[PDB]
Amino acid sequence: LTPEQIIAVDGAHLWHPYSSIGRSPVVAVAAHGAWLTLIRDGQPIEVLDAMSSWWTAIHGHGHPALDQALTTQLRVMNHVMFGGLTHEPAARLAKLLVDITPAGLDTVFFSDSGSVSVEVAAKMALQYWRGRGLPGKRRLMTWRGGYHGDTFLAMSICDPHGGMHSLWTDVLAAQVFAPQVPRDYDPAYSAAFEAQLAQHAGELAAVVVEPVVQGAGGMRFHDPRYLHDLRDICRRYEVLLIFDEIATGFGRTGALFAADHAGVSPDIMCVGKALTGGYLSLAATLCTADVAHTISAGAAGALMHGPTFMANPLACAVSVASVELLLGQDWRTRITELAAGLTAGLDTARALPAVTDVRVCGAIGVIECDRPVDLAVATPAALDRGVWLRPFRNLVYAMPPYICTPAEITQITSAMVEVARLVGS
């Protein structure tokens, strides 16, 4: 199909994320390394994938080690049902994940998406307490500003304004919300968290939060010491702690997992997005031996979940290679250099009239503006500078692939500054 044919089919038949039908998307024809080939005015152009294709492409696109791992597995076994059978890609990836995740996370449940992995995490927590004779422990607690997925349980712990909990009035589970976690450490926030949690301890299965960085809820950072507090509160009140690392995982925040900034091990952990280096959909939910054994000795004798494509060989194979590629290099220095690039490149944005904040955490760079960013202005402006940038609400932000050179980062940040300049005029 020609680009124009793609556009016509797309307008008539394709739903996009969080969009309408009939209300225009740009045709993508190739991706290699940190670059996308986009069709603009009928002409192909090379642009930097500053978004990492939504947090996903940590090693860039078409990485030879990830391409090879995919075709190698494809020669041997595309997929087998995980009911009654096991295989090497599942075992290799499970061993990897157990070894590099915070200590005590010994078991691995594979699924096909972040939202599903979160539903699995919530299921683990509910079955765990049912295994302990305490079925009253069934609500969830989080702080505001969060995002945990699009499925209906997941939605219930998303920020009530963010995921607009009306028009979902009498539809979502009614969960417990503490106020927005602030950027700077404040003992009084944690004390209030504890006091509110104390009021619901007997009905709470778990606290679920994104550690250090809150992503789709507004690219906010908080002090990792709150995570230390969350761990202590959850211990003392016997509530499980769940870390949603679907966005933060695999080095993105400057640590291998964001939990590491605090030295904290959650009881349950979700990963996804960068898991496969952005080739294929995959997610994982990990829990402690204790959680696993308590579920398994319960009335059900099992975790009552099992996606059809569970532990798909092809997805697991590329993920193994993506993880090994990350571990086998000096990823910490890579991420540190990237953060300094973002920091230096975004400095001048602080002086712009419409800019309220500039913040960087690992390979995450954020220009917070004073009004919603108009995509009809922002997207073509960044395309003009040879960069794929998609703003969100009042945020001009980037999360570049790790393979981006210093020059490419500076090109990304320039385009971000120029986009921010345009919002102000």
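Note that residue numbering begins at 1 and tracks the sequence as displayed.
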### Message
I'd like to know the size of any gap between residue 23 and residue 24, counted in deposited residues with no coordinates: none, 1 to 3, 4 to 9, or 10 or more.
### Response
1 to 3
### Task
Return whichever of 373 to 381 and 49 to 57 has the greater mean Cα B factor according to the PDB record.
373 to 381
#### Entry: Between 35 to 43 and 353 to 361 (mean CA B-factor, as deposited), the higher
35 to 43
### Member of 253, 113, 312, 166 with the greatest C-alpha B factor (per the PDB record)
166
### Task
Have a look at 236, 273, 222, 87 and flag the one whose Cα has the highest B-factor in the entry.
236
### Message
Could you place residue 228 in the lowest, middle or highest third of its chain by Cα temperature factor, using the values in the record?
### Response
highest
### Query
What third of its chain, lowest, middle or highest, does the C-alpha temperature factor of residue 210 fall into?
lowest
### Summary
residue 200: C-alpha B-factor third of its chain, per the entry, is the highest
### Third assignment of residue 265 from its chain's C-alpha B-factors
lowest
### residue 64 - which third its CA temperature factor falls in, relative to the rest of the chain
lowest
